[PDB]
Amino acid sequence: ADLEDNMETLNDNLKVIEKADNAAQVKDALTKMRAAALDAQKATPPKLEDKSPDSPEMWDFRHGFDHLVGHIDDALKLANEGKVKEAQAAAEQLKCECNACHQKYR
């Protein structure tokens, strides 16, 4: 449950959503992402290892996962309503979140 493994979970399950052709597989990938992002939110990334947990950098690092989970839930709702294609498109826009946090802190 460390940061690199959670990121492996996020990356793998985004590719799963991208190639999926059914709702069950999209839904399982998304809920798995949701869990991995909440667990990642507890880690300290290598480039913030000198920071206090209440620093603005650490606050912003953690809050990035709230935004990510928010997108995941939107996609989760489409995917529970059976709209696989809309859910996949929503998951593609998650990529702005990955990129945003990465350019600041990876």
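From 1 onward, residues are counted along the sequence shown.
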*Got a sec? Mean C-alpha B-factor, which is higher, 8 to 16 or 81 to 89?*
81 to 89
_Mean C-alpha temperature factor, higher of 22 to 30 and 58 to 66_ = 22 to 30
_Maximum C-alpha temperature factor per the entry, among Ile72, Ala43, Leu48, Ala35, belongs to which one?_
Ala35
*Which third of the chain does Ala100 land in by C-alpha B-factor: lowest, middle or highest?*
middle
